[PDB]
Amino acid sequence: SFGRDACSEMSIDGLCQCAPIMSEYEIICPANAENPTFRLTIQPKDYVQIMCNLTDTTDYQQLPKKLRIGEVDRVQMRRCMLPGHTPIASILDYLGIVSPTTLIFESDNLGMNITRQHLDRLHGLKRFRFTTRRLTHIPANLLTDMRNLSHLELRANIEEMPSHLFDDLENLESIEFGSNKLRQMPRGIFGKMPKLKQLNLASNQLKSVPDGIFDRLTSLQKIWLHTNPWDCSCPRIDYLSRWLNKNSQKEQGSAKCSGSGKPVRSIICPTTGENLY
């Protein structure tokens, strides 16, 4: 495991400078650079922060060599590029990071779209957060085999969500899809969520939801649907207005009608005699 002795030795050969700050260590790569390629913040047996300043994926060869961080709970990556068509776990293995349960990936310099391969060997994760100001495509197989995942956060200006995104994922307790550009929610997306307690869909472009979309959320406790331009015309808002009125205790904040500004829960649609779902 990385400690005092490893930090002192790193400052001797001067490939990367190391300085112990508080109960943590700061690694600058390359040494004495005004704008370093890598700035690592390591707290042994707790967390690792990787601050990147890369122009292209080949800059990863400038990472500290033979570094053995060991077991940590959280890995935070900031401004880092997706390592081409190579898993993110390969960066983690090279730095000697062992079995992290939380991965945070935040970057405006991705260099490419995220794939299923980028998450290979990260099946053990319990918490995953992907953040970017860049418009990104979410493939249908992105979260396949992420069976230990209980907390998912995607803030990547996503417009569409694939229908089979949560296929075979059953341990999910929290889904944070707020502050994206979502115009639609596909029917059957929350069909197999027996443990889901929190769902955030606030600050998107949702005008409607398919009928029966939340009916299988048996463990649901909190839901965010505000800051969406909801179409409160009848019968379009019939299902959501009735559902929000019945589950009023679960709603966090207030979903409002694009026109009037009235809460969605206050709409009572008349009966025309048509078929319901």
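Heads up: residue numbers just count along the shown sequence, starting at 1.
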Can you let me know which of the two, 37-45 or 224-232, has the higher average C-alpha B-factor in the entry?
37-45
Per the record, averaged over C-alpha atoms, which has the higher B-factor: 164-172 or 194-202?
164-172
What's the residue among 208, 252, 241, 58 with the greatest CA temperature factor in the PDB record?
58
Would you mind checking where the Cα B-factor of residue 153 ranks among the modelled residues of its chain, as the lowest, middle or highest third?
lowest
Chain third (lowest, middle, highest) by recorded CA B-factor, residue given as residue 213:
lowest
Relative to the other modelled residues in the chain, which third contains the C-alpha temperature factor of residue 134: lowest, middle or highest?
highest
With respect to C-alpha B-factor, does residue 69 fall in the lowest, middle or highest third of the chain as deposited?
highest
How does the C-alpha B factor of residue 259 compare with the rest of the chain: lowest, middle or highest third?
middle
